[PDB]
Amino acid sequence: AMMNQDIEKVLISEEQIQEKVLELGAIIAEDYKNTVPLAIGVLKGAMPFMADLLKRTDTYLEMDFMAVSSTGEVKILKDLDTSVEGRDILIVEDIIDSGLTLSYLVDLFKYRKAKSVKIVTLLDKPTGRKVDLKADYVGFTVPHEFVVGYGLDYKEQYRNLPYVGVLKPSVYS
């Protein structure tokens, strides 16, 4: 019962997330009802949201995954194993903060001739923006705080919390 003792405040509960993914999943299913999109998870943080969102998205779709790191220079650690040419792409993310990561990826998929590119993110932190980037679908907006949980790490830990929270001061030493 240790991680919970590191959390100062639960910002978004597991029950809130469960309701929101049920809602978004049905809306996204209708949006994509006449195509087989490629849903692309941005590793590592997107995995819990992507799993639970797409379980609630009752439509035919395919999945793939990318890994990126990050001065404004973004590096691909793992590229797709699927062509995006002529595909409808849905990028799945855990948080948009500065906007850098998704600005890079959207331009990459447009360069590769995607038919359309949309974004769904669990969390959006609009106060963090350094470039203009908005998602098509957003679970929750969050304040200008470092959050963890439901995919989001502090030094690679806490991703497995089933809720989104803020850390206690002492955790930062």
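Numbers follow the displayed sequence, beginning with 1.
- The modelled chain breaks between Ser70 and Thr71, where 4 to 9 residues of the deposited sequence lack coordinates.
- Between the stretches 87-95 and 74-82, it is 74-82 that shows the larger average CA temperature factor.
- Stretches 110-118 and 41-49 differ in mean C-alpha B factor, with the higher average recorded for 110-118.
- Between the residues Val148, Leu123, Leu54, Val131, the entry's highest C-alpha temperature factor is the one at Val131.
- Among the modelled residues of its chain, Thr127 has a C-alpha B-factor that falls in the lowest third according to the deposited record.
- For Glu14, the recorded CA B-factor ranks within the middle third of the chain. Only modelled residues enter the ranking.
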